[PDB]
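Understanding the architecture of this molecule
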Amino acid sequence: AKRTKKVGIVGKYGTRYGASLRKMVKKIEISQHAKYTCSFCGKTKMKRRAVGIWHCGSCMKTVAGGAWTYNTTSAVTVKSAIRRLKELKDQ
Amino acid sequence: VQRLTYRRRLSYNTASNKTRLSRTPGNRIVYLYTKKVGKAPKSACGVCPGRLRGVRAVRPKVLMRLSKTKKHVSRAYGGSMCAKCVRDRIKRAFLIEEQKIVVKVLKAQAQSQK
Amino acid sequence: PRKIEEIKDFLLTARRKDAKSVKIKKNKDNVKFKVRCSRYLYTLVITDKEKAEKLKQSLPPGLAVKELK
Amino acid sequence: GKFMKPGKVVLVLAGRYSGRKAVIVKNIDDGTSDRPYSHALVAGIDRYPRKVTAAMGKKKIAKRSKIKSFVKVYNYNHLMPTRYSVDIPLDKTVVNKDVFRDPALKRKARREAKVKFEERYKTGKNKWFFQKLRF
RNA sequence: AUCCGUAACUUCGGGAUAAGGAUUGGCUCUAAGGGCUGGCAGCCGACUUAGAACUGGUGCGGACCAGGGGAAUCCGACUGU
RNA sequence: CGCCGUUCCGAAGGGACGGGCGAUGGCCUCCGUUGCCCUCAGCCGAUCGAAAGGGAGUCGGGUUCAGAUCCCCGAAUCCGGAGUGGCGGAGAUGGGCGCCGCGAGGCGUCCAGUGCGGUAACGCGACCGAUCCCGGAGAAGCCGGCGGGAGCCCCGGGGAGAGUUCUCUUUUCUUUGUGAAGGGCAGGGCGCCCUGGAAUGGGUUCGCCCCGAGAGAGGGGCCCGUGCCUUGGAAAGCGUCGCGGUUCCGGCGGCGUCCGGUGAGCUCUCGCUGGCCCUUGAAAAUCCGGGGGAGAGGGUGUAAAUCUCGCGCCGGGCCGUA
Ligand SMILES: [Mg+2]
Ligand SMILES: [Mg+2]
Ligand SMILES: [Mg+2]
Ligand SMILES: [Mg+2]
Ligand SMILES: [Mg+2]
Ligand SMILES: [Mg+2]
Ligand SMILES: [Mg+2]
Ligand SMILES: [Mg+2]
Ligand SMILES: [Mg+2]
Ligand SMILES: [Mg+2]
Ligand SMILES: [Zn+2]
Ligand SMILES: [Zn+2]
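Structural notes, computed from the coordinates. (Residues numbered from 1 in each chain as written, not as in the entry; some residues may be left out. Chains lettered and ligands numbered in written order. Part of a larger assembly, values for the part shown. Heavy atoms only, no water.)

Broken down by element type, chain B carries one helix and two strands. Reading the helices (α) and strands (β) of chain B from amino to carboxyl end gives β-β-α. Radius of gyration (C-alpha) of chain B: 27 Å, far over the 13 Å computed for a compact globule of 114 residues. Oriented by its inertia axes, the alpha-carbon framework of chain B measures out at about 95 × 30 × 25 Å. Within chain B, the fraction of its 114 residues that count as buried is 18%. (Helix = DSSP H or I, 4+ residues; strand = E, 2+ residues; numbered from the N terminus. Rg over C-alpha atoms; globule rule 2.2 N^0.38 Å. Buried < 20%, exposed > 50% of the residue type's maximum accessible area, 1.4 Å probe, protein only.)

Here it is in structure tokens:
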């Protein structure tokens, strides 16, 4: 059964801290606790160890990532920027 | 019922003061002081989460008085690296060395073709 | 303490230079031959009464023997 | 096609001889009732000959060239096939699967491979087979 | 404690034990909830829940333990010091 | 007077396997010692800092007016030392050829031998090896759930003693052992192995969670076993009845120290799995494994070097303790 209408995972905070802040932290709370698919083994086991550290329980691999998401948009863009600059560097 | 007292002057419940009950031939419960729980070695691969097999799980200074058979395994790296990772290293060593020969011949060939 | 299973190795243990005495204990079900060596108290548990008497008469001479009651 | 054949050099992947080099003496791809899986009888080098240089005498060299061999039956999954093939003729009347009943035959099987390996080693043929794999 | 019931407002999490009622003893039974062995048979069982009759001068959470409640205004968000 | 400073403006090592030289010794055979030279060396910070952190190894019974894990009885263990440090075992007693004998075996040569078993996990009582290098242990938070083992409690019975018995109560109460270390076996755990190839997906927990990067199903290996048995060990202790003595005796005897059940029970502990962190929850001493192969050992033996194996030999000083 659906137990909450909108609070979702930030229902742990009860009435405290304000609706807007609770709404804001909800998006991060979901993401930092999701299990991402591992690129190295494919099993959905990638999980946050600390802030910025993501570990896979299957292949045991650890990856430096975003604070609340496996990879940040800023980093993803830079990887394509560095890939592009590499080619022109050696044509 | 009978209530127990420490047999030593350490009156605190620290990690070096743990005990267990024991009924003696005199028909009374006393405290016996347990030894700390030992740990089997971890693999040198730094990857496999499990501990090694064929090795006594004892405190580090107790390893001095154990024969060698108890502290290792009858295999290369035995007692230091898990079999699973030794398999990977034998292949990895052999397969990378083979790759070197292949590139060496191609590099030599292009030199001849050059 | 060590438990000895065979008579042969009990006799030998009694012949060690560091064996001090042999204690002969009789129970309702067995006769225990205990010899005090330097480190261990070796015991031979005998379930046959007849074998016990044969052993008691063949211990090496000079080993102090004590019967326990 | 099938390549696990006699004379094929393999690396042992498991057991007391993990990482050693052997040569297939007889291959059984289908198996038997005793060993349902596929296996091969191999004769390998427990202890490789030691590096010798021109700065050592004849005696020191002879001492350093002795090989300790072994004979085993292996599940295929514990062997790593290699492109190298080494053709030492190993007497199959002594080196066979039957040596595993009584140790007296195994001593002959191991002694046989010791002599045959040592005679080939000195000739400078199959250098790779007699160098320990550094792993 | 059990059963029922529960408003304004609300940041939809609450408010909430909101508010407001009924019940509660003893005794004698009934029903359901399991394991072991060899849709059945036998042997073992551990406390529960629910219902019914009878019963006492309506007493029964019998001592002990154990929130009064509601409508509002001011200030400070809260927890903390 | 001094302060700052703790690796920072420092020629910060007094050590060593081994090799070469001399000088001395003694179980003068040959091994030791000592002095010099060659060679090799990161640690890089003296020293202090915890009677709750790390830190090998002792338990049971008795005993005092007052001390006992310290005294006594018994049974263990750690560390260090002895090479005149002893014995055993391992290394280690194989093969080919030629005679001799019928053979069982004996001689003569030439070769081998730093152990062995399992497909594997790994196993076996040892099972060479230095500088050097890599790794492990020490060495890791808080909370939740669940499971195993104990101690205690509870329930149904046998005992022994006691209480109530006007009536009732096959009744109520008390009590009903086995240490450390060793061996064996339960039980728990495994992110250990082998066969094999799975969708009509299956397995599975309270929750989860797991699988072609190998699930189910078989068969194995390993870790902890504080649980039970066994040696300890019934000799002891206790319960009880009866006799003794100096009678202030570790006095002596008889019997007993028995069998089951049950639990989200409580306490401790072992383990599996999860959740929280813009919090990630010591270091060092100390001990161990591995990689490497510099060396060493003997020429078939009274075999040698060597051994983390089993026994044996010697010792553990100082301070606190009512
Ligand atoms: Mg301490
Ligand atoms: Mg016990
Ligand atoms: Mg071992
Ligand atoms: Mg209100
Ligand atoms: Mg306030
Ligand atoms: Mg201290
Ligand atoms: Mg399976
Ligand atoms: Mg008695
Ligand atoms: Mg080595
Ligand atoms: Mg005191
Ligand atoms: Zn992965
Ligand atoms: Zn590994």
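Per the secondary structure count, chain C includes two helices and five strands. Traced from its N-terminal end to its C-terminal end, chain C shows the element sequence β-α-β-β-β-α-β. Relative to the compact-globule value of 11 Å for 69 residues, chain C shows a C-alpha radius of gyration of 11 Å, a close match. Within chain C, the fraction of its 69 residues that count as buried is 33%. Within chain C, residue pairs in contact and separated by at least 24 positions form 46% of the contacts whose partners lie at least 6 positions apart. Carbon together with sulfur atoms contributes 51% to the accessible area of chain C, which is approximately 4,900 Å² in total. In chain C, 21 positive and 9 negative side-chain charges are present, and the distance between their average locations comes to 7 Å. (Contact = heavy atoms within 4.5 Å. Areas by Shrake-Rupley, 256 points an atom, 1.4 Å probe, with all protein chains shown as cover. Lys, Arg positive; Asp, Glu negative; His and termini not counted. Charge placed at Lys NZ, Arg CZ, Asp CG, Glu CD.)

Here we come to the coordination of the zinc ion (ligand 11). All names here are of chain A. Distances from the zinc ion (ligand 11) to its protein donors, namely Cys38 (SG), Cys41 (SG), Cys56 (SG) and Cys59 (SG), fall within the range 2.3 Å. Geometry at the zinc ion (ligand 11) is tetrahedral, judged from the four donor atoms that bind it and their angles of 105 to 114 degrees at the metal. In the primary structure, the donors to the zinc ion (ligand 11) are separated according to the pattern C-x2-C-x14-C-x2-C. (Donors = N, O, S within 2.8 Å, 3.2 Å for Na, K, Ca; no water. Tetrahedral: all angles 85-135°; square planar, octahedral: opposite > 155°, others 65-115°.)

Residues and elements named next belong to chain A. Around RNA strand E sit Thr4, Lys5, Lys6, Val7, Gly14, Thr15, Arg16, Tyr17, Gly18, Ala19 and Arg22, and those are all the residues in its vicinity. By atom count, sugar and phosphate contribute 71% of the portion of RNA strand E lying within 4 Å of the protein. In this structure, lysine 6 approaches RNA strand E through a main-chain N or O atom, which is 2.8 Å from a phosphate oxygen. A distance of 3.2 Å is found between a base oxygen of RNA strand E and a backbone nitrogen or oxygen belonging to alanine 19. Of the residues belonging to the surface near RNA strand E, the class tally is three nonpolar, four polar and four charged. (Near = heavy atom within 4 Å. Polar contact = N/O pair within 3.5 Å; in protein donor to acceptor, adjacent residues only side chain to side chain. Nonpolar A, V, L, I, M, F, W, Y, C, P; charged D, E, K, R; others polar.)

The antiparallel open sheet is built from five strands, whose spatial order is β4-β3-β2-β1-β5 (chain D). The open sheet terminates on both sides in strands that have one partner only, identified here as β4 (68-75) and β5 (79-85) of chain D. Taking the axes of each pair of neighbouring strands and ignoring which way they run, one obtains an average angle of 35 degrees across the sheet. In the sheet, strand β3 (residues 39-47) of chain D pairs with β4(D) via eight bridges, with the strands oriented antiparallel. Bridging from a neighbouring strand, D:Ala40 pairs with D:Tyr74 of β4(D). The strands touched by helix α1 (residues 83-113) of chain B within the sheet are β1 (8-12) and β5 of chain D, with β5(D) carrying the most contacts at an inclination of about 25 degrees. Along the sheet face, helix α2 (residues 103-122) of chain D touches β2 (21-28), β3 and β4 of chain D and points at about 115 degrees away from the line of β4(D). (Pairing = 2+ DSSP bridges. Axes fitted to C-alpha atoms, helices over the stretch in contact; angles between N-to-C directions.)

Spatial ordering of the open sheet is given by β1-β2-β3-β4 (chain A), a layout of four strands whose pairing is antiparallel. Among the strands making up the open sheet, the edge pair consists of β1 (36-37) and β4 (62-64) of chain A.

The next subject is the interface of chain B and chain D. Taken residue by residue, the interface counts 14 residues in chain B and 18 residues in chain D. Here chain B and chain D share an interface that buries about 1,300 Å² over both sides, 71% of which is from carbon and sulfur atoms. Of all residues in chain B, the largest losses of buried area upon contact with chain D belong to B:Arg87, B:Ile90 and B:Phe94, amounting jointly to 43% of the total for that side. There are one salt bridge connecting chain B and chain D. Among the salt bridges present, the one from B:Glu98 reaches D:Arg83, with a minimum N-O distance of 2.4 Å. On the surface where chain B and chain D come into contact, there are three residue pairs in polar contact. In terms of residue class, the side of chain B that touches chain D is built from eight nonpolar, one polar and five charged. (Buried area = accessible area lost by both parts, 1.4 Å probe. Salt bridge = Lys/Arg side-chain N within 4 Å of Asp/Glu carboxyl O.)

This part takes up the protein's contact with RNA strand F. In the region of RNA strand F, 118 residues are neighbours, and B:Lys35, B:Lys39, B:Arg75, C:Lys34 and D:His78 sit closest. Restricting attention to atoms of RNA strand F within 4 Å of the protein, one finds that 77% of them are sugar or phosphate atoms. The backbone of B:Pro60 places a nitrogen or oxygen atom 2.6 Å from a sugar or linking oxygen of RNA strand F. In the model, a base oxygen of RNA strand F is placed 2.8 Å from a nitrogen or oxygen of the D:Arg16 main chain. A class-by-class count of the residues in the surface near RNA strand F yields 36 nonpolar, 26 polar and 56 charged.

Residues and elements named next belong to chain D. Within the element layout of this structure, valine 86 appears in the loop between β5 and α2. Given a relative accessible area of 4%, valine 86 falls into the buried group. A sequence separation of 25 residues divides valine 86 from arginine 111, and the C-alpha atoms of the two residues are 18 Å apart. In this structure, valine 86 is in contact with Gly7, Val9, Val23, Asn126 and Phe129, ignoring residues within four places of it in sequence.

Our next topic: the arrangement of the chains. Taking contact number as the criterion, the leading pair out of two pairs of chains in contact is chains B and D. Kept free of each other, chain B and chain C leave a smallest C-alpha distance of 17 Å between them. The smallest C-alpha distance separating chain A from chain D is 22 Å, and no contact links them.

This brings us to the side chain of D:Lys116. Here D:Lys116 shows up in helix α2. Not counting residues within four places of it along the chain, the set of residues in contact with D:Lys116 comprises D:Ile88, D:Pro89, D:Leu90 and D:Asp91.

Remember, this is a structural readout, not a statement about activity or role.
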